[PDB]
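In what follows, every chain begins at residue 1, and chains take the letters A, B, ... in the order their sequences are listed. Numbering of ligands and ligand atoms starts at 1, following listing order.
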There are 2 protein chains.
Amino acid sequence: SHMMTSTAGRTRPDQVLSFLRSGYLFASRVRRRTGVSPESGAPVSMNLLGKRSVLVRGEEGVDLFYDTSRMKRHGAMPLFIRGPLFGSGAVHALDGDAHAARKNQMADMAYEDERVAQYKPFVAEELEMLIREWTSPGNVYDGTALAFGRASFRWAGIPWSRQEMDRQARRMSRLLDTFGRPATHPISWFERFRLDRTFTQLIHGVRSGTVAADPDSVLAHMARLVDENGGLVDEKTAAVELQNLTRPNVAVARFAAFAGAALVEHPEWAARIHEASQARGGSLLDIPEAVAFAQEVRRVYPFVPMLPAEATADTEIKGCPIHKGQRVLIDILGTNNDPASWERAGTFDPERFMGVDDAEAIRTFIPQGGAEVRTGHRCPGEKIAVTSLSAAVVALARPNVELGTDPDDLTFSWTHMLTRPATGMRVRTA
Amino acid sequence: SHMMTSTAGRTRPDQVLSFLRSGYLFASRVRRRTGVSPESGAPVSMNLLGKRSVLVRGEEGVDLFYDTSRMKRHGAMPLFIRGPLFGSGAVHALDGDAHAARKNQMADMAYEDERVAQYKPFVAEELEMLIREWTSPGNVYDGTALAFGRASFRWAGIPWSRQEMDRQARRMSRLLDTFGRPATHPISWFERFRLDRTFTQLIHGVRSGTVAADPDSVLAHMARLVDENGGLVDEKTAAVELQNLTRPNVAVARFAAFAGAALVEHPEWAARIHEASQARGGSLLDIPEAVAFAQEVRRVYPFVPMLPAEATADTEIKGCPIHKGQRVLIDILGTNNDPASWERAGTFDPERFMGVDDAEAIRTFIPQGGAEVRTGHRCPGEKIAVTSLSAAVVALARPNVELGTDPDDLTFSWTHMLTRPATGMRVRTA
Ligand code: HEM
Ligand code: HEM
Ligand SMILES: CCCCCCCCCCCCCC(=O)O
Ligand SMILES: CCCCCCCCCCCCCC(=O)O
């Protein structure tokens, strides 16, 4: 790629400030800045964070990004993100054998169908209680963040009161809501400090016998987390990874707020989801129309803009050379809405997921990563995430669960990260 | 120390957000929050950035902080500061033998009296040209940042045009002006990226023969920078340390803006400085009244709030225990204005420096560090800094150099870091 931004002698400008000012529009801006259409699939080379980087898209980009023989993750994610959001020693930054042993112990807890089945009754119960709590007006983001958190903490077997679960869920949701914007970024570190302290004392309590934990519970498995040689990990690392199995479910509240606005904008799907639920006695769980609607929300609405990796060897993609040690960025939002692999890519239409047997197998559907869960860095919690979101979609599609319709409930900024309706989508139960 | 902020079971709150909201008032706030007067010298224990920390003051605090047998600097400064401001591999983070060999090579360039004498004619010339440039109205911060930068680049022997010197000085001044506030913080990284690139290509040019450099010049000595075993350092490290010998002189523009406001607030000192200069034919250099005025500016006006170090062994100070591995913070602003070691500490009075032979020997005068330059981490550029500031004080004290008197020229916020008059002190030459 080539930018005609300045003279040949002057180095091409770093894109860090463009990225922050444009948010989820950055990929389309850096594309037209190199002379290609925002709907093109050609790689875009740039300087980002003082490092040569290539923005890739589509099936070719996914195949390159998740080839562990050519890509590493250690040091690819800036501390601005991984520090507050993932924590020290997290699986996100591990490679090779250390990652495989860590990722399998965590996929055992979040990705296995038996474990996901254990999560379903908790989120269903918490969402039903949230509907009753919403007789006093609230908003979807704050409300489902607490319901998701309580569901995750209960599912994990953590012996906390509902008051303590709410406190930790609220703090996780605040961390997510503040880390991506430089003005509020220090707030996310503040939450990370006290979350780490709260969860380290929990792992310390389970290992010493002060805090009871079912031997097969997620809490206990994290307290018994070992490295690739069978050695027990530090209490802080075990606490960091327990948060990584709970906080990202709290993060689904953002998808639930997006889904409330989409339900307002697509009332024929709301009624269709409601009717499908009523046929099942009103159940929130495993409603095919809601699952499809949830999937189209994950595809269309912005959350993860892109992901970084560092090249371990010289390679190339579609003619663009990639030097060893430089950054490779996979366009998440652009791949999910790529006209090259999606029919009517710019249209919100959940029908594209109706009748799909294995959405995970769609190689260009990567809102939470691509390739394989256990052999790569793909999110191991997609089944829990879709369970949380689809159940929330059903609850919000109830006509007695009245969603707000003001411009602050339905619109959001695309130039900030992360983003959501400013109100969080107001809601009240009749 | 003890905070009665919440219940005993609830952990004491981290002070990170209090520090950012209160800026240079943080030390006085954390003191009264522990039940002591803001003018007290007792140590204050706290949680800062998720780490137990002790804020020390006065002679006892200085003796503790600079005892290298009990304190290390590696990892004590957060990346929020050292990343943009100091650069990777800088002397600020080195300890032991690596620091001694690095610090002596840099003190040879900035701290030696012969080198400082070589700097004087450059800043005197640049300031005289700035006075003539100010026939078109400007401001002290922006103007002296360029004059100081050109003086430093010329003194160092860098073969750049005046246009290129201005460009790099402007970018250093922007970095300083933006790094301390979370909203503008990413701008400082942006400048650090292109400054590092500009100065790495300079070191690369000198080492390869593309760029000429006097063998005894500061530029050449940095291009020949070696580690503690005689091994040549990387081109980026040599470029990082060349910036550390030039950018901090650009930073003196902030003191020069403070000094302009002080000259307005203390007109009897302005006229006294002007008369002392006129007696010397109008010289800007080595005017005792201006030197004293410059020193009192460094003492009273806020720049460095405090400095961090990590304890290498268990120790104590005034009854407060210090655990190995925790943080120790030396109150810079509080020590410089401590009623325990300063007569009328809250009063701006340059007479306290009139007749002082060795201000460096005043143990509680630490605006740019304490203890010894070569054996510790004390600033090696205080003589250059005082030369730059005192010469600027003389120039601004000229009645034909008319300083602005609006509230935006004379006041500034104490709750932001770094800080200065919002206009930069407007100024115009008659
Ligand atoms: C809105 C909800 C979620 C979003 C947007 C999301 C997105 C992502 C993304 C983009 C990645 C990185 C993929 C890669 O590195 O290639 C990731 C990784 C991860 N996710 Fe999720 N995810 C969500 C929900 C969850 C849930 C519910 C869990 C656990 C129950 C979870 C646990 C993890 C873990 C542990 C990783 C690191 C895996 C590794 O590095 O190997 N996430 N997530
Ligand atoms: C307004 C101007 C300045 C201020 C506020 C300032 C302040 C400081 C402070 C507080 C330190 C750390 C002391 C410690 O770690 O104990 C420091 C270190 C340092 N300063 Fe300055 N200084 C200034 C001017 C200069 C100048 C003019 C130079 C060079 C010509 C310079 C070069 C350095 C270097 C290289 C260090 C690191 C030394 C080490 O870590 O051993 N500074 N400065
Ligand atoms: C240079 C890379 C910039 C883009 C980084 C975006 C990372 C977003 C991760 C979002 C993860 C949500 C789930 C969670 O961990 O709580
Ligand atoms: C936790 C420590 C917070 C305080 C850190 C303050 C550091 C300020 C350094 C200012 C140096 C100015 C000279 C320069 O390097 O350009």
Quiz prompt | Qualifying residue, where the test is ring-ring contact (aromatic ring centres under 6.0 Å, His included) with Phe255(A) and the options are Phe148(A), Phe303(A), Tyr301(A), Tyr141(A) | solution = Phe303(A)
Quiz prompt | Geometric N/O contact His92(A) with ligand 3, under 3.5 angstrom | solution = no
Self-check item: Over all atoms of both residues, closest heavy-atom pair of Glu228(A) and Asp97(A)
Solution: CB-O, 3.8 Å
Quiz prompt | Protein contact to atom 1 (C) of ligand 3 [nearest heavy atom, distance to 0.1 Å] | solution = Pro78(A) CD, 4.1 Å
Practice problem: Taking only heavy atoms of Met306(A) into account, list the atoms of ligand 3 that are under 4.0 Å away from them. | Solution: 4 (C), 5 (C), 6 (C)
Practice problem: Write out the residue and atom name of the closest protein heavy atom to atom 27 (C) of ligand 1, then the distance separating them to 0.1 Å. | Solution: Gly381(A) O, 3.5 Å
Quiz item: Heavy atom under 4.0 Å from ligand 2: found in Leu307(B)'s side chain, backbone, both, or neither?
Solution: side chain
Quiz item: With a 4.0 Å heavy-atom cut-off (strictly under), which part of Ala110(B) contacts ligand 2: side chain, backbone, both or neither?
Solution: side chain
Quiz item: Which pair of heavy atoms, one from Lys103(A) and one from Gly376(A), lies closest together, and at what distance?
Solution: NZ-O, 2.8 Å
Quiz item: Of all the non-hydrogen atoms in the protein, which one sits nearest to atom 30 (C) of ligand 1, and at what distance?
Solution: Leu245(A) O, 3.6 Å
Exercise. Verify side chain to side chain contact (heavy atoms under 4.5 Å, CB included) between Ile384(A) and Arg115(A), making sure each step is shown before the conclusion.
Key: CA-CA 9 Å; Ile384(A) 292 179; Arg115(A) 294 290 184 169; over 6 Å; no
Practice problem: Going by heavy-atom distance to atom 15 (O) of ligand 2, choose the closest among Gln368(B), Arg73(B), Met71(B), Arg254(B). | Solution: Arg73(B)
Quiz item: Where the closest heavy atom to atom 41 (O) of ligand 2 is concerned, which of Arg247(B), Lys103(B), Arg115(B), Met77(B) has it?
Solution: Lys103(B)
Quiz item: Which atoms of ligand 3 are found less than 4.0 Å from any heavy atom of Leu176(A)?
Solution: 16 (O)
Exercise. Using distance alone, determine whether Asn244(A) and ligand 1 share an N or O pair under 3.5 Å.
Key: no
Quiz prompt | Any side-chain heavy-atom pair of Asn336(A) and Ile332(A) under 4.5 Å | solution = yes
Self-check item: Atom indices of ligand 1, in the order listed, that fall short of 4.0 Å to a heavy atom of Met106(A)
Solution: 35 (C)
Exercise. Starting from the C-alpha separation in whole Å, work towards a yes-or-no answer on side chain to side chain contact (heavy atoms under 4.5 Å, CB included) for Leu329(B) and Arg327(B).
Key: CA-CA 7 Å; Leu329(B) 297 155; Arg327(B) 218 193 301 268; 4.1 Å; yes
Quiz item: Counting from 1, what ligand 3 atoms have a heavy atom of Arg247(A) closer than 4.0 Å?
Solution: 14 (C), 15 (O), 16 (O)
Practice problem: For the pair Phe80(A) and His185(A), name the ring-plane relationship: parallel under 30°, tilted 30 to 60°, perpendicular over 60°. | Solution: parallel
Quiz item: Would a distance-only check, ignoring hydrogens and angles, find a side-chain to backbone donor-acceptor pair under 3.5 Å from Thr335(A) to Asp331(A)?
Solution: yes
Quiz item: Are there more than 12 heavy atoms of other residues, nucleotides or ligands under 6.0 Å from atom CZ of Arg70(A)?
Solution: yes
Quiz prompt | Structural part of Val91(B) in contact with ligand 2, heavy atom criterion under 4.0 angstrom | solution = both
Self-check item: Side-chain donor-acceptor contact under 3.5 Å, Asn104(A) with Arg374(A)
Solution: yes
Exercise. State the OG1-CD distance between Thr68(B) and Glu372(B), to the nearest 0.5 angstrom.
Key: 10.0 Å
Quiz item: Does a donor on one side chain sit under 3.5 Å from an acceptor on the other, for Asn244(B) and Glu241(B)?
Solution: yes
Quiz item: Which of the listed options, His377(B), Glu382(B), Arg374(B), holds the heavy atom that is closest to atom 39 (C) of ligand 2?
Solution: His377(B)
Quiz item: Which of the atoms of ligand 3 are close to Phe86(A), meaning less than 4.0 Å from one of its heavy atoms?
Solution: 15 (O)
Quiz item: Identify the closest protein heavy atom to atom 16 (O) of ligand 2: which residue and atom is it, and at what distance?
Solution: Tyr66(B) OH, 2.5 Å
Quiz prompt | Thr246(B)/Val218(B) under side chain to side chain contact (heavy atoms under 4.5 Å, CB included): CA gap, chis, key distance, verdict | solution = CA-CA 10 Å; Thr246(B) 49; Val218(B) 176; over 6 Å; no
Quiz item: Which atoms from ligand 2 have a heavy atom of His99(B) less than 4.0 Å away?
Solution: 39 (C), 41 (O)
Quiz item: In the protein, what heavy atom is nearest to atom 8 (C) of ligand 3, and what distance, to one decimal place, separates them?
Solution: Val304(A) CG2, 4.2 Å
Quiz item: Can you tell me which residue and heavy atom of the protein come closest to atom 26 (C) of ligand 2, and the distance to 0.1 Å?
Solution: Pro248(B) CB, 3.5 Å
Self-check item: Identity and distance of the protein heavy atom lying nearest atom 7 (C) of ligand 3
Solution: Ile81(A) CG2, 3.9 Å
Quiz item: Which of the atoms in ligand 2, numbered in the order shown and given with their element, are less than 4.0 Å from a heavy-atom of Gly376(B)?
Solution: 41 (O)
Quiz item: Just by modelled atom types, is the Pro367(B) backbone N or O under 3.5 Å from a matching donor or acceptor in the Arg299(B) side chain?
Solution: no
Quiz item: Hey, are the side chains of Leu333(B) and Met306(B) touching, using non-hydrogen atoms and a 4.5 Å cut-off?
Solution: no
Quiz item: Would you call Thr387(A) and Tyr119(A) a side-chain contact if the rule is heavy atoms closer than 4.5 Å?
Solution: yes
Quiz prompt | Sub-4.0 Å heavy-atom contact, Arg298(A) with ligand 1 | solution = no
Quiz prompt | Enumerated ligand 2 atoms positioned under 4.0 Å from heavy atoms of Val252(B) | solution = 1 (C), 2 (C)
Practice problem: Note the single closest protein heavy atom to atom 33 (C) of ligand 1, along with its residue, its atom name and the distance in Å. | Solution: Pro380(A) CD, 3.4 Å
Quiz prompt | Close side-chain approach of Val250(A) to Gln168(A), heavy-atom, < 4.5 Å | solution = no
Quiz prompt | For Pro248(A), the ligand 3 atoms whose distance to one of its heavy atoms is below 4.0 Å | solution = 13 (C), 14 (C), 15 (O), 16 (O)
Quiz prompt | Residue portion contacting ligand 2 (non-hydrogen atoms closer than 4.0 Å) for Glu241(B) | solution = neither
Quiz prompt | Derivation of the side chain to side chain contact (heavy atoms under 4.5 Å, CB included) call for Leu176(B) and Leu85(B) | solution = CA-CA 7 Å; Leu176(B) 289 147; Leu85(B) 189 56; 3.6 Å; yes
Quiz item: With a 4.0 Å cut-off on heavy atoms, is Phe86(A) touching ligand 1?
Solution: no
Practice problem: Just go through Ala385(B), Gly369(B), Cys379(B) and tell me whose heavy atom is the nearest to atom 18 (C) of ligand 2. | Solution: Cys379(B)
Quiz item: Is the closest N or O pair between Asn249(B) and ligand 2 shorter than 3.5 Å?
Solution: no
Quiz prompt | Side chain, backbone, both or neither: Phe255(B) near ligand 2, heavy atoms under 4.0 Å | solution = side chain
Quiz prompt | Nearest protein heavy atom with distance in Å, relative to atom 36 (C) of ligand 2 | solution = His92(B) NE2, 3.5 Å
Quiz item: Below 4.5 Å, heavy atoms only, C-beta onward: do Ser18(A) and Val30(A) meet side chain to side chain?
Solution: no
Self-check item: Minimum-distance protein heavy atom relative to atom 12 (C) of ligand 3
Solution: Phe303(A) CE2, 3.9 Å
Exercise. Under 4.0 Å from a heavy atom of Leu85(A): give me the atoms of ligand 3 that qualify, with their elements.
Key: 9 (C), 10 (C), 11 (C), 16 (O)
